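As structure tokens, one chain now follows by itself in the form deposited in one PDB entry.
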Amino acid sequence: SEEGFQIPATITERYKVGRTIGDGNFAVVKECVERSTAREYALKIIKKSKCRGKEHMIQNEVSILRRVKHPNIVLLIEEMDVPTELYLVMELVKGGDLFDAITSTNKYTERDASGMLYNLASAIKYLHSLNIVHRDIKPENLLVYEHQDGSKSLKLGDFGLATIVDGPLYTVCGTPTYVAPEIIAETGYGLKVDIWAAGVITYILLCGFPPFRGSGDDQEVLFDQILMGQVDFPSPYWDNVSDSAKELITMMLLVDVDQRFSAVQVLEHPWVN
């Protein structure tokens, strides 16, 4: 391949591997056609070795992907473990990621925004029912599934940081823009860090900028805003948005974790029907 992975003959036999559609650290995603059926799939190639000497490391993503199926979550079709790399065959999603879509159309209507939150809150409710926290919910990790109808669903991917919650966690991880206060505070966190992330994304969908923005002074500013957690809906940007939307986003972006909506409560809110 372009990057220089030695593609196993087992893979090349079954699949024709196409162009790269997703790039990360120690992982690439490619288009690929199954030779028998002519059906299009996503091939995710994960490097186990760091390629920094023989610094062989272990992957956690596939433990999670095996035990989950949902319309609004990326689907693992099968896996090929090779000494060098882990190869995941997954359902292909052709509409790109939510980050790309937001940069293309600054804002979204409440109708389009609620539909996307309905999809994301559905994925999160399912994961949470299995005590799985994602810990990396962000636009770059939400894939746009385009229906023939013209309608668009979101599919959640990148379960790299996903784990099972059996009591409070303390690992400091995620993207600062989307990270919950209790992660920064290091007082312990669980499933509801995902609700916070979803609240931040919903806010961005409606106005085109995040609720907590850093400064050129320092990065401690962004973290100070998140810890304070005062959500503002400034004019003129939020003038023509409903109170209902503002209410829901508020309930998702509460520092008090017991008061912060669960995924069930988001889904029961009138703004998502």
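Here the rigid core means the biggest group of C-alpha atoms that line up within 1.5 Å when the two forms are laid on top of each other. When you see a residue number, it is the position in the sequence shown, counting from 1.
Note that the form deposited in another entry isn't included here; everything after this is about it.
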Next item on the list: Give the option from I184, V165, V82, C173 whose C-alpha shifts by 2 Å or more between the shown form and the other one; the alignment is on the rigid core.
Entry: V82
Notebook entry, point to check: Does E55 show a Cα shift reaching 2 Å between the shown form and the other one after rigid-core superposition?
Noted result: yes
Item checked: Core-superposed C-alpha of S262 shifting 2 Å or more between the shown form and the other one -> no
Note to self: Tell me whether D100 is among the residues that move between the shown form and the other one (Cα shift of 2 angstroms or more, core superposed).
What the structure shows: yes
Check: Do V133 and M57 move together or apart in the other entry, judged by C-alpha distance changing 3 Å or more?
Finding: closer
Notebook entry, point to check: By 3 Å or more, the Cα spacing of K30 and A197 differs in the other entry; is it closer or farther than in this view?
Noted result: farther
